[PDB]
Structures are given as C-alpha cells and as structure tokens.
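Below is one structure, written out as structure tokens, with a few remarks after it.
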Amino acid sequence: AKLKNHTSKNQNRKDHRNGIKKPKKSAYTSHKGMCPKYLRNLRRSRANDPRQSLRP
Amino acid sequence: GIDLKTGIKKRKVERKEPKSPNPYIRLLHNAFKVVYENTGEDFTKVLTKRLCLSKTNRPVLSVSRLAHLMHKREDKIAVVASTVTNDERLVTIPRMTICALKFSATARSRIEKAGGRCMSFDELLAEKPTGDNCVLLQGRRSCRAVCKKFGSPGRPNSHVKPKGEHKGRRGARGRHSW
Amino acid sequence: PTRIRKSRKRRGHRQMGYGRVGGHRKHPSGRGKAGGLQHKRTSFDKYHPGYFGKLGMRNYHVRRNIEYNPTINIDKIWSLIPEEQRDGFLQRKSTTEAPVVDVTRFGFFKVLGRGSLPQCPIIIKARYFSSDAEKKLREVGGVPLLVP
Amino acid sequence: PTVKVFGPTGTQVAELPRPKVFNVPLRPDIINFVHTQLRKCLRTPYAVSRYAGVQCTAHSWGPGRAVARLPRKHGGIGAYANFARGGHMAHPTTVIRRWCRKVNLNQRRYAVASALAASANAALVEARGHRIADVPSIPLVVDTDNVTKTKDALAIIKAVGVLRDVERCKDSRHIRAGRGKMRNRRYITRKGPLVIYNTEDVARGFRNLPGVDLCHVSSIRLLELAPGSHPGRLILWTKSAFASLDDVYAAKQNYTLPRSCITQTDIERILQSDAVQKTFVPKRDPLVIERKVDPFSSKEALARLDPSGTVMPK
Amino acid sequence: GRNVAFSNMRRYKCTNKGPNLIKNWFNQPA
RNA sequence: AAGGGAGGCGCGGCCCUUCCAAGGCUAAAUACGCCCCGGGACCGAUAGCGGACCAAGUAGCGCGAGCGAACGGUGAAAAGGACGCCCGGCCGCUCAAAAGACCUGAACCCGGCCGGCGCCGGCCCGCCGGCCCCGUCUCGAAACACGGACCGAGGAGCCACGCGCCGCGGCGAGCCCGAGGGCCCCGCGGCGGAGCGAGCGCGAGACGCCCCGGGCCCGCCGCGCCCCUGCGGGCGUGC
Ligand SMILES: [K+]
Ligand SMILES: [K+]
Ligand SMILES: [K+]
Ligand SMILES: [K+]
Ligand SMILES: [K+]
Ligand SMILES: [K+]
Ligand SMILES: [K+]
Ligand SMILES: [K+]
Ligand SMILES: [K+]
Ligand SMILES: [K+]
Ligand SMILES: [K+]
Ligand SMILES: [K+]
Ligand SMILES: [K+]
Ligand SMILES: [K+]
Ligand SMILES: [K+]
Ligand SMILES: [K+]
Ligand SMILES: [K+]
Ligand SMILES: [K+]
Ligand SMILES: [K+]
Ligand SMILES: [K+]
Ligand SMILES: [K+]
Ligand SMILES: [K+]
Ligand SMILES: [K+]
Ligand SMILES: [K+]
Ligand SMILES: [K+]
Ligand SMILES: [K+]
Ligand SMILES: [Mg+2]
Ligand SMILES: [Mg+2]
Ligand SMILES: [Mg+2]
Ligand SMILES: [Mg+2]
Ligand SMILES: [Mg+2]
Ligand SMILES: [Mg+2]
Ligand SMILES: [Mg+2]
Ligand SMILES: [Mg+2]
Ligand SMILES: [Mg+2]
Ligand SMILES: [Mg+2]
Ligand SMILES: [Mg+2]
Ligand SMILES: [Mg+2]
Ligand SMILES: [Mg+2]
Ligand SMILES: [Mg+2]
Ligand SMILES: [Mg+2]
Ligand SMILES: [Mg+2]
C-alpha cells in the first residue's frame, strides 16, 4: 500500500506556539573564529595594564 | 466566547511555602512571612523565599569561604539559610558573627574558639528582623556532580562527559573519529 | 505503598495510559541494547560516544595492590597534627624542634602541591614528591624526606 | 529543675536532677518514620504455593470450534488462566518481597529520645489517651525496690494515682471485629502504664496486670514508647531506672543528643515584643468598591459625578 | 532523549527449573 | 625425560623468589524433601493443595503411556413430628422458632389475587416537546463492519534486581543496622575526598553573593631559551 509522502501543513503553527526563540546574548560576542593574531594581542595588552591586569 | 490566547502566556508555578515536615522550618518561615507583610523590606522578602528552597538549591558554606567573603567588612552579620561546615585546610580562622540554619559540631567549636558567635534564625528574628547591618550569602548552586552531566555528550559543541563506562574509540577521539 | 501509586488512578479508563492507536505490546523495539548501530543509531551517537570499538593495551591480570597509590596535598598536612598541639608549633617557629609528619603512617604515598602552608618550619617524610610540593615546602623552611 | 520521688505509699521522699534526654525537640515526623520501618521488620512472610494451578494438563483448542482460545483440560474444561476457576494467579505472591527496612543508627536514637521527651508533658500524655488527673507528677518517679506479689504491686499503683488507667485497660477486653479472631488475635485490650526498672525485681508482681509492660532501662523499645505511633506514653520509673538515664546515654560511644530548639509558644512571644513591633509601618488605605448603577436614574446618583448639573438628569 | 547509563546486570538463570539459586536469610536470627 | 614444577603473552640465554606431581586417611563451621513440633499483618469453600465432606489420586474416561472431577453448615437437646377426622389430605402436636431435611435464602425466570397501558423535561398524569445500539479499530459507524439471549460469582501493570532524575530525614570532609560477636550495645571493606594520559607516568589557586562569560592553572600533543644530579631539572610560548 501507499501512504502520504510529505506535507508542511501544520508546521508553521507548531513553530510559533512557544514564540520564536532568540539566540543567547553571549553568542554575539564569542571569540570562536576570530583571528588568533588578534586574540593574542588582546590578551597581551590587558595583562600589562595595571587597571585591567589580574596577575597576583 | 472570549479570545484569551493571543498575546498571553501560560501562568507559572513556584514554591510559595516549604514542603519540609520539620516543625522548626514551618515556624520560622511563617514568622518571617509575617514580618515582610508589616515592613515591606526586600531583605525579609528574599529571606522568606530562601526558606522554601529544596536542599539542592541550598548548598553548604564553609568557614574559609566566609572568612574570604567577609574580609574588610568583618563587623557585619553573615546570614546563611543552609548549613555551615568546617574547612580543615585553613589553619587559622578569624573572629566573625554567623547566623545559619545549622552548624556542624566541629565548625561550632572552631568559630567560638576564635571569639565568634553562632546565631540561629530565631536569635536573628528577635534582634534584627529586617536585616540591618546584615548580608545575605549562599553557596555555589552548580557544584553538584549531577549537574555536570546535563546535555548531549556526542554533539560537537557539548563539553559534557558521558554517564557509564565507554571502552571504545568511535566518536571518542575528536571530530573525524566516527 | 500500592495505595498512592499512579496506576490505581486509571481504573475505568480502558487502557492504562498506553494509547488507543499504539497500545501496549510485548517488545516493539527488541530486547535489551540491540540495534545500537542500525535503528537506534540516533540514540547511541547522541549520548554514548566511544561505545563501539577498541582502545589501548590490555593486561591479562591486573595487580590491584601494586597500582594502588594514595595521595595528599600540602594544604591538608596540618590537619594530621592534632588540634591540641598545632597552636604551640605555630607559636615557636623552631628550626631545632620542628614537627615531623610521616604521611605513610596515615596511609599516603605521594605528596602533591595544591594550596599553601602556614609560615612555620615542618618536616615531611614520604615516598615521592611532586615538583611544586617540594618548591612550596622549601619556601617555608621545611625539608622533604624519603622513608622506608 | 528537679523531679520528685515518691515512696511506695504516696508521700514525697527525695529529689533528683532532670536527665538531659528530656530537652530534645519533639519530632512527630521522625517518630512516625522510625515506628513505620521497625514495625515492618517483625513480619512473617507469606506466599501461595509455586505449583498451584499448574499441576494439570491443558492446551488451547485453537480457532474453528466455536469456543474461546484459553487452555482446556481433556474434555474441554477451562484451565490455566487467572480468569478460569482453578487457574493460577496472574502474578503469584513470592517470599522474596523485601520484608524489612533499614534505618540509620542516628535516626533510631533520635526517635527514642523524642519519644522519651514527649513522656515528660502532662498535656501530651493526656492527649495520647491516659488518665492522669490524680497523679502527683507526670515525670513520675517512685521508690519500690522489690515487688513480688501482684497484690502489693496493685497497692502502689493505687497509692500514687495511676489506678484509673489500669481499670480503664481492665474493663475494655473484647472480641475483635473481623477475620482476625480466627488467626490467634481474638481479644483486644487498651494500653496502660509502662514500668521502667533497673536493679530491682518488679517483673513478677507487675506483669499479670492488664495493660502493663516492662522495660529494663538499658534497652528501651520505641514500639513500647509510642503505641500506635503516638508518642506520649505514661511511664512509671523506678528510682534506680530514673537515676541511670544519663549514665546510659554516656555509654553510647561518640553520640551527642540533638540540639534543643524553640517552640511556637516561643515564636509567638517574640513578634509581640517591642524590638519587632517598632519596625512595623501601616499599609496604604485600600480601594473602595461599589456596584455599578445608572446615574441618570435619580438626581442624587447623577450628582455624584457632576455636581453642577449641566448634564441633564434624564 | 533518554540519557541513562547501561545496566550491567546479568539475566537470571534457572528460575523455574534446575537447582535452586535463591538463598533466603529468614533463618539468620536462629 | 632426570633432578623437577610455578611466577595471567610466545621463543632462546642468564639470574632471583618460592614449592616437591605422577600413592593414601581426616572432625568442625555448610546444604536439605518426606515425617514430627511450634509460629504467622497469609486463604476462608468457584478461595486455599487436585483433595476441609466416616470411604481423593477416589468415582469416571483411555488398548496403553496416562487423564481425573463434583459434593462443607437442622437444633442448646433428635426432643426427627402426638390426638382426631376423611380416604395421601386436613387439623394440630415437639420446640424460642419449624429451623421439618433442613442456617441465612439475593438475581435471572415463573404461578395466583389486586392496580395500571422505554429514557429526559414541564405540568398530577396522559398529553405536548426532545431522544438511532453500546463497546471497538478507524479520515469516517445507526450501519448490510466485528463481539454481546438473560442473571449471579470469579476475572487483567503486583513483586525482585539494575540504571537515571526529583522530593523529604539524619549527619557532613566525611559517611555507613556488612558478615559476625555480646526494636538495645559493638562491628571491615566500600563510596566520597583529584584529575588527565594508550602507556612510561606526571599532577591543579587568580579572581567571583548566585547564575553566565572572560582570564589563568593541571594532564595529553607540539615547540624558544638557560642549567645542576642530565633524552633529567627550570623558565616560557601555541591549537
Ligand atoms: K551518556
Ligand atoms: K503513559
Ligand atoms: K504512536
Ligand atoms: K517484538
Ligand atoms: K524482541
Ligand atoms: K548494539
Ligand atoms: K587494535
Ligand atoms: K502441567
Ligand atoms: K478467545
Ligand atoms: K478470540
Ligand atoms: K548513623
Ligand atoms: K530505635
Ligand atoms: K613473568
Ligand atoms: K596462566
Ligand atoms: K605467562
Ligand atoms: K478443584
Ligand atoms: K475492533
Ligand atoms: K483491525
Ligand atoms: K482508515
Ligand atoms: K458505534
Ligand atoms: K451501511
Ligand atoms: K440493523
Ligand atoms: K470498522
Ligand atoms: K463479515
Ligand atoms: K454486531
Ligand atoms: K598519550
Ligand atoms: Mg517556538
Ligand atoms: Mg482520558
Ligand atoms: Mg469496558
Ligand atoms: Mg507504540
Ligand atoms: Mg500506527
Ligand atoms: Mg489495543
Ligand atoms: Mg481453548
Ligand atoms: Mg486456585
Ligand atoms: Mg464484615
Ligand atoms: Mg578424600
Ligand atoms: Mg477447591
Ligand atoms: Mg432454608
Ligand atoms: Mg490494526
Ligand atoms: Mg476483525
Ligand atoms: Mg453474535
Ligand atoms: Mg463480580
């Protein structure tokens, strides 16, 4: 026997029932994928700033 | 008919009372709930909610964490709605006043031997019911081992360990190991 | 107690929470753990990485009391001294009557270096040291020692 | 404070200090949890036989003969199903049921101490069921020192004021209401006093009395202290029993009694005190709510909104 | 998605026939 | 074969550690039906053993191997039914009572006398209004889809063990009625406390009410530089 192949009939209503979620606020500032040569210089600069440095 | 669905969300359930059968917890919570209704102070409101929590939401506090947090403000009353344990890796304790739900037998002995005081929440209720010169404190709610396995180990952005023993290699040597 | 269970709240309901379309049958997925590489593959990869395969050397008989190796950090050392005596030792930071702590008597072999010690000379005898356990101990005036 | 001690005749004769086990907090939740687990540990297993219903020979006839498909004995009689007369149970009872329950040693000692502290109240002993309206002190200590004839032991219990509690028990014996009277549980009597003794022979003269039980002080039983899982039993202490309570609790190695706490009597006092009341500040005055009604009906109703009267009444 | 640890229990042997493999402790106080 | 055997990865060599096969005896602590004895939060006559009944593995069925029922209860006492009248009945005797072949004696169904001509709603009452056969599989059942004459009694998610999460109790860098020994007393492991690495092995402080992120430290893989006891130590850098 044959059954149905495909439909999207009820799927936009299921997509809306819990609201359309939004991504976490901290995903907008993740360092993942930035230049390493920029992320190296970023750490170096702060370690030598007494207002920012966190060395003991 | 009336349309009360659009723009309106499902209501929420929160603990509004302790579910412990201990009679000392019911007496204290009912007492601080009264003081809030006649004061409107937000210190007595946060403290009334701490007494309803479920013991995995009330982690312990050690003396060495208190000695660290109360530094430079040593003339104040630490207020903890949980148990205060001892930390034997700290050799010398400072003098402080702590008010807690319960003290370990060894932590009470050390606190008193430095000159400190161990108050109870009914001593706090009588002398300082609205939290003047008091600080509220709590421990690390996410320190349990159980909360370290939540999620999907196996998914490429997880950072969580699996649960049983896994003796193989497939999917366990990084990406391009499946 | 049977009288507080969820299943007794279904008397009169024809099907005890298992559905009319599906129903309750014997073993609709198979028994046990079977299917992990075929029709339960979506389950096994999501939650059990490294369930299939081999990894590493095998030993046909492990000696449990050879491989046993207890350890203690330096921040736990002063709690082995009884409380009645700790005050006096701190009081007189002696080089010529320093306290001796033999950790094998308490059942440890190696000394690791997490933490810090009080400003007081002390002697620690053990079977093996880590490199920064030794470094923090010599910073205090203490000596490490090896024992039989 | 000191407890009183009475002769075997009724006058006051001595005073002893209160043992520290009476200062433990009252925990009807802990006494109920322990009483439940330890009363399950006295049970005898039961089960049906493992061969029952399956000694006969029976097989299905199959479809095509106009009968239901259950197994049938030679001849066609239903067999081997829970819904057939003579068949096995659907899930037979087995003796591998877990009959006992575990309790930690700390929680077992808390229950005894909390049950003993309840026994020092004249308002909880009364509300448990006993008759103590003619009793000198509810922490009742009495000097007896040797009792062998029941006749003399009855004379003391009268000489003090616990006589009505044993007659309460005596006049209550009856045949119980159900199947239990075929199973060696034919009579029921109410429970009276508990005599706790240390170094003196009393068991021979006290035991035959209706509703009386006997406990040597070194081994006190929680199922005796809280009959029915209700804490406040009436206890007749011998003098040497009452004066060895602290020695007994000193004989439990690395044990300390739990910490005393305050009661709802104590909390209700604090709130009504000038240190707590002086923090009180009144609420705003509350909204005033009427029902709707047509202002245009009358002059007075309409005037409430607009007093001037530019608006027509009707 | 169910995240459990796999049970490491062995299937019961000889439950209805064979030698008796169930040892009870009702005689322990005696 | 002559000295030999063993040391949880094979072969050949050198040591070390530890035992003496190819012959034999031996109490105790341990396990268990029939049968006798005691106990039970077990069943209460379609239950509990197949089997509570003076005669059950009996009566009955099969050439045979074998299969295998049903049936408990008058009353305190048998006092188990006088006298009379007709030719089994009537009347009535015993007894607290016929309880009379036996406790109580429901339903379905039926016979005699008396009254009347489906459910819901309104009205005192036979009028008006509404009403298809339930359970089930199914997109869809009043279906010409299936089960069901009627009535009673019985009749189906319980238990053991393992895994995950949540709640509550006790104690807390600790915790714990193993087994056992003297509802009370004493009682080892174990698990937790440090991780990472295939392994040789090496081994965590720096911040923070809490949560989230950042930074740094430990192991595994790589690599500057300096050095002592050196393919070993120290100080760094990078995914
Ligand atoms: K897992
Ligand atoms: K369900
Ligand atoms: K389904
Ligand atoms: K199947
Ligand atoms: K299957
Ligand atoms: K599999
Ligand atoms: K391999
Ligand atoms: K059979
Ligand atoms: K059938
Ligand atoms: K059928
Ligand atoms: K305990
Ligand atoms: K107990
Ligand atoms: K070897
Ligand atoms: K071997
Ligand atoms: K070998
Ligand atoms: K039968
Ligand atoms: K069907
Ligand atoms: K079908
Ligand atoms: K269909
Ligand atoms: K239908
Ligand atoms: K039709
Ligand atoms: K029809
Ligand atoms: K159908
Ligand atoms: K048909
Ligand atoms: K039909
Ligand atoms: K490696
Ligand atoms: Mg959504
Ligand atoms: Mg439903
Ligand atoms: Mg039905
Ligand atoms: Mg299904
Ligand atoms: Mg389907
Ligand atoms: Mg079905
Ligand atoms: Mg059949
Ligand atoms: Mg049966
Ligand atoms: Mg009844
Ligand atoms: Mg032999
Ligand atoms: Mg029968
Ligand atoms: Mg009858
Ligand atoms: Mg189907
Ligand atoms: Mg069909
Ligand atoms: Mg039909
Ligand atoms: Mg029925």
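A, B, ... follow the sequence lines: proteins, then strands. Residue 1 opens every chain.
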- Message: Over all strands shown, is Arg11(C) touching base, sugar-phosphate only, or nothing at heavy-atom distances under 4.0 angstrom?
- Response: sugar-phosphate

- Message: Check for me whether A77(F) and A78(F) meet both conditions: six-membered ring centres under 5.5 Å apart and planes under 30°.
- Response: no

Donor-acceptor contacts, no H, no angles, side chain residues 54-65 of chain C, under 3.5 Å, sequence neighbours left out:
unit_1	atom_1	unit_2	atom_2	d
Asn59(C)	OD1	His61(C)	N	3.2
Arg63(C)	NE	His61(C)	O	3.0

- Which is true for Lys136(C) with a 4.0 Å heavy-atom rule: it touches a base, it touches only sugar-phosphate, or it touches nothing? sugar-phosphate

- At under 4.0 Å between heavy atoms, what does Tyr12(E) touch on the DNA or RNA strands: base, sugar-phosphate, or nothing? base

- Indicate, with a heavy-atom threshold strictly under 4.0 Å, whether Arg144(B) touches base, sugar-phosphate, or nothing. sugar-phosphate

- Item | Pairing pattern in dot-bracket form [Watson-Crick, G-U; both distances under 3.5 Å; | = partner strand] for RNA chain F | ..(((((........))))).......................................((....))............(...(((.)))...........)...............((((((..)))))).((((........)))).........................(.....(((.)))....)...((....))....(......)......(.(.(((....))).).).

- Just jot down the ring-ring contact (aromatic ring centres under 6.0 Å, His included) partners of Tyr18(C), sequence neighbours excluded, or say none. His24(C)

- Message: Using the side chain to side chain contact (heavy atoms under 4.5 Å, CB included) criterion, which residues pair with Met34(A)? Sequence neighbours excluded.
- Response: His31(A), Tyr38(A), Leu39(A)

- Across the strands shown, which category fits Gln107(D) at heavy-atom distances under 4.0 angstrom: base, sugar-phosphate, nothing? base

- Message: Checking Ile22(E) now: which residues fulfil side chain to side chain contact (heavy atoms under 4.5 Å, CB included) with it, not counting sequence neighbours?
- Response: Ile96(D), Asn20(E), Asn24(E)

- Set of salt bridge (charged side-chain N to carboxylate O under 4.0 Å, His left out) partners for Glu134(C), sequence neighbours left out: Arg138(C)

- Do both conditions hold for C202(F) and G203(F), namely six-membered ring centres separated by less than 5.5 Å and ring planes inclined at less than 30°? yes

- Item | Under the side chain to side chain contact (heavy atoms under 4.5 Å, CB included) test, residues paired with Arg50(D) that sit two or more places apart | none

- Message: Once you apply a heavy-atom cut-off of 4.0 Å, does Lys149(B) come out as touching a base, just sugar-phosphate, or nothing?
- Response: nothing

- Query: With a 4.0 Å cut-off on heavy atoms, is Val34(D) in touch with a base, just the backbone sugar-phosphate, or nothing at all?
  - Reply: nothing

- Task: Select base, sugar-phosphate, or nothing to describe what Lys25(A) touches, counting heavy atoms under 4.0 Å on all strands.
- Result: nothing

- First and last nucleotide of RNA chain F in contact with chain A, 5' to 3', at under 4.0 Å to a heavy atom: what are they? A206(F) to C239(F)

Quiz: residues 32-41 of chain D side-chain donor-acceptor pairs under 3.5 angstrom, not counting sequence neighbours:
unit_1	atom_1	unit_2	atom_2	d
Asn32(D)	ND2	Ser229(D)	OG	2.9
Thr36(D)	OG1	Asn32(D)	O	3.1
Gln37(D)	NE2	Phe33(D)	O	3.2

- Touch check for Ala105(B), heavy atoms < 4.0 angstrom, all strands: base, sugar-phosphate only, or nothing? sugar-phosphate

- Query: Expressed as a whole number of Å, how far does the P atom of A179(F) sit from that of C202(F)?
  - Reply: 42 Å

- Taking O4'-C1'-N9-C4 for purines and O4'-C1'-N1-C2 for pyrimidines, is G193(F) syn (within 90° of 0) or anti? anti

Can you give each donor-acceptor pair under 3.5 Å made by side-chain atoms of residues 51-69 of chain B, sequence neighbours left out, with the distance rounded to 0.1 Å?
unit_1	atom_1	unit_2	atom_2	d
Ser54(B)	OG	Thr56(B)	OG1	3.4
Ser64(B)	OG	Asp87(B)	OD2	2.7

- Kindly write out the residues that satisfy side chain to side chain contact (heavy atoms under 4.5 Å, CB included) with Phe83(D), not counting sequence neighbours, or none if the list is empty. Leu70(D), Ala81(D)

- Conformer about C1'-N of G75(F) - syn within 90° of 0, anti elsewhere: anti

- Message: Under 4.0 Å, heavy atoms only, any strand: does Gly87(D) hit a base, just the sugar-phosphate, or nothing?
- Response: nothing

- Message: Below 4.0 angstrom, which residues in residues 19-30 of chain E have at least one non-hydrogen atom near RNA chain F?
- Response: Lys23(E), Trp25(E), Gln28(E)

- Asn104(D) near the nucleic acid: base, sugar-phosphate alone, or nothing, with a heavy-atom cut-off under 4.0 Å? base

- Message: Checking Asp29(D) against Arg27(D) for the salt bridge (charged side-chain N to carboxylate O under 4.0 Å, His left out) test, could you report, in this order, the C-alpha distance in whole Å, the side-chain angles of both residues, the deciding distance, and whether it holds?
- Response: CA-CA 5 Å; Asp29(D) 58 309; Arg27(D) 301 288 302 281; 3.0 Å; yes

- Query: Checking all strands, does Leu38(D) fall into the base, sugar-phosphate, or nothing category for heavy-atom contacts under 4.0 angstrom?
  - Reply: base

- Message: Mind checking if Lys19(B) touches a base, just sugar-phosphate, or nothing, with heavy atoms under 4.0 Å?
- Response: sugar-phosphate

- Message: Considering every strand and a 4.0 Å limit on heavy-atom distances, what is the contact class for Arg98(D): base, sugar-phosphate, or nothing?
- Response: sugar-phosphate

